[PDB]
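Written out below as C-alpha coordinates is the structure these notes cover.
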There are 2 protein chains.
Amino acid sequence: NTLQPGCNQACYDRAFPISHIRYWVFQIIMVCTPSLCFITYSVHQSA
Amino acid sequence: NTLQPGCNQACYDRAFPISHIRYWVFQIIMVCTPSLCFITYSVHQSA
(Lines give C-alpha, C1' and ligand atoms only; values in the text may rest on other atoms or scores of the structure.)
Protein backbone atom coordinates (compact mmCIF):
# COMPACT_ATOMS: atom_id res chain seq x y z
CA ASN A 1 0.00 0.00 0.00
CA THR A 2 2.21 2.79 -1.31
CA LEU A 3 3.03 4.99 -4.29
CA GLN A 4 6.82 4.83 -3.98
CA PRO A 5 8.53 3.16 -6.96
CA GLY A 6 10.70 0.24 -5.94
CA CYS A 7 9.05 -0.39 -2.56
CA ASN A 8 7.44 -3.60 -3.82
CA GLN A 9 10.78 -5.10 -4.84
CA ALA A 10 12.51 -4.26 -1.56
CA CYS A 11 9.64 -5.43 0.62
CA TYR A 12 9.21 -8.71 -1.26
CA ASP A 13 12.94 -9.40 -1.10
CA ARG A 14 12.90 -8.77 2.65
CA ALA A 15 9.82 -10.91 3.28
CA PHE A 16 10.97 -13.95 1.26
CA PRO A 17 14.77 -14.01 0.95
CA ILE A 18 14.65 -17.54 -0.50
CA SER A 19 11.58 -19.24 -1.92
CA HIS A 20 10.46 -22.46 -0.24
CA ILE A 21 10.50 -24.46 -3.46
CA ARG A 22 14.18 -23.80 -4.20
CA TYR A 23 15.16 -24.70 -0.64
CA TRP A 24 13.28 -27.99 -0.94
CA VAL A 25 14.85 -28.80 -4.31
CA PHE A 26 18.32 -28.19 -2.89
CA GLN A 27 17.47 -30.35 0.12
CA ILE A 28 16.26 -33.23 -2.05
CA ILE A 29 19.36 -33.24 -4.25
CA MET A 30 21.73 -32.96 -1.28
CA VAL A 31 20.01 -35.78 0.59
CA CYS A 32 20.17 -38.03 -2.48
CA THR A 33 23.87 -37.26 -3.07
CA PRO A 34 25.41 -39.91 -0.74
CA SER A 35 23.54 -42.74 -2.46
CA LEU A 36 24.85 -41.44 -5.78
CA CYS A 37 28.38 -41.45 -4.37
CA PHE A 38 27.98 -45.03 -3.15
CA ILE A 39 26.59 -46.23 -6.49
CA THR A 40 29.37 -44.53 -8.44
CA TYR A 41 31.98 -46.07 -6.14
CA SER A 42 30.42 -49.50 -6.64
CA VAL A 43 30.54 -49.02 -10.42
CA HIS A 44 34.19 -47.94 -10.23
CA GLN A 45 35.08 -50.95 -8.08
CA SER A 46 33.95 -53.43 -10.74
CA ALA A 47 35.72 -53.03 -14.09
CA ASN B 1 2.16 9.15 -0.56
CA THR B 2 -0.41 6.36 -0.29
CA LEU B 3 -2.96 4.29 -2.18
CA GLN B 4 -5.72 4.37 0.45
CA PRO B 5 -8.90 6.15 -0.72
CA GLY B 6 -9.89 8.99 1.56
CA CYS B 7 -6.48 9.51 3.16
CA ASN B 8 -5.96 12.79 1.31
CA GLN B 9 -9.18 14.27 2.68
CA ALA B 10 -8.47 13.26 6.28
CA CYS B 11 -4.85 14.40 6.22
CA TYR B 12 -5.66 17.75 4.62
CA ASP B 13 -8.44 18.38 7.13
CA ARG B 14 -6.08 17.59 10.00
CA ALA B 15 -3.26 19.75 8.63
CA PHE B 16 -5.37 22.86 7.91
CA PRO B 17 -8.52 22.88 10.06
CA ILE B 18 -9.29 26.47 9.01
CA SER B 19 -7.76 28.27 6.04
CA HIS B 20 -5.80 31.43 6.77
CA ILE B 21 -7.85 33.57 4.39
CA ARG B 22 -11.16 32.85 6.14
CA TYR B 23 -9.64 33.63 9.53
CA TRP B 24 -8.33 36.96 8.24
CA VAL B 25 -11.67 37.88 6.64
CA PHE B 26 -13.48 37.16 9.90
CA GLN B 27 -10.90 39.21 11.80
CA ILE B 28 -11.30 42.19 9.47
CA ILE B 29 -15.09 42.24 9.72
CA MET B 30 -15.06 41.81 13.50
CA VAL B 31 -12.49 44.58 13.96
CA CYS B 32 -14.55 46.93 11.80
CA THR B 33 -17.80 46.14 13.66
CA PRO B 34 -17.48 48.68 16.54
CA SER B 35 -17.09 51.59 14.13
CA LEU B 36 -20.27 50.41 12.41
CA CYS B 37 -22.02 50.36 15.79
CA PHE B 38 -20.90 53.92 16.49
CA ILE B 39 -21.93 55.20 13.05
CA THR B 40 -25.36 53.58 13.26
CA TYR B 41 -25.88 55.00 16.76
CA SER B 42 -24.96 58.47 15.49
CA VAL B 43 -27.44 58.11 12.62
CA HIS B 44 -30.16 56.99 15.03
CA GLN B 45 -29.47 59.90 17.39
CA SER B 46 -30.25 62.50 14.71
CA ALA B 47 -33.72 62.19 13.17
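As shown in the C-alpha coordinates, the chain order sets the letters A, B, ...; within each chain, residues go from 1, and ligands are also counted from 1 in the order they appear.
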
Report as JSON lines the residues of chain B within 10 Å of chain A, each with its shortest atom pair and distance in Å (one decimal), using only C-alpha atoms, ordered by chain and increasing residue number.
{"residue": "B:1", "atom": "CA", "partner": "A:3", "partner_atom": "CA", "distance": 5.7}
{"residue": "B:2", "atom": "CA", "partner": "A:2", "partner_atom": "CA", "distance": 4.5}
{"residue": "B:3", "atom": "CA", "partner": "A:2", "partner_atom": "CA", "distance": 5.5}
{"residue": "B:4", "atom": "CA", "partner": "A:1", "partner_atom": "CA", "distance": 7.2}

- Task: Give me every helix (DSSP H, G or I) residue in chain A, going by DSSP on the backbone, as a PyMOL selection string.
- Result: chain A and resi 7-15+20-45
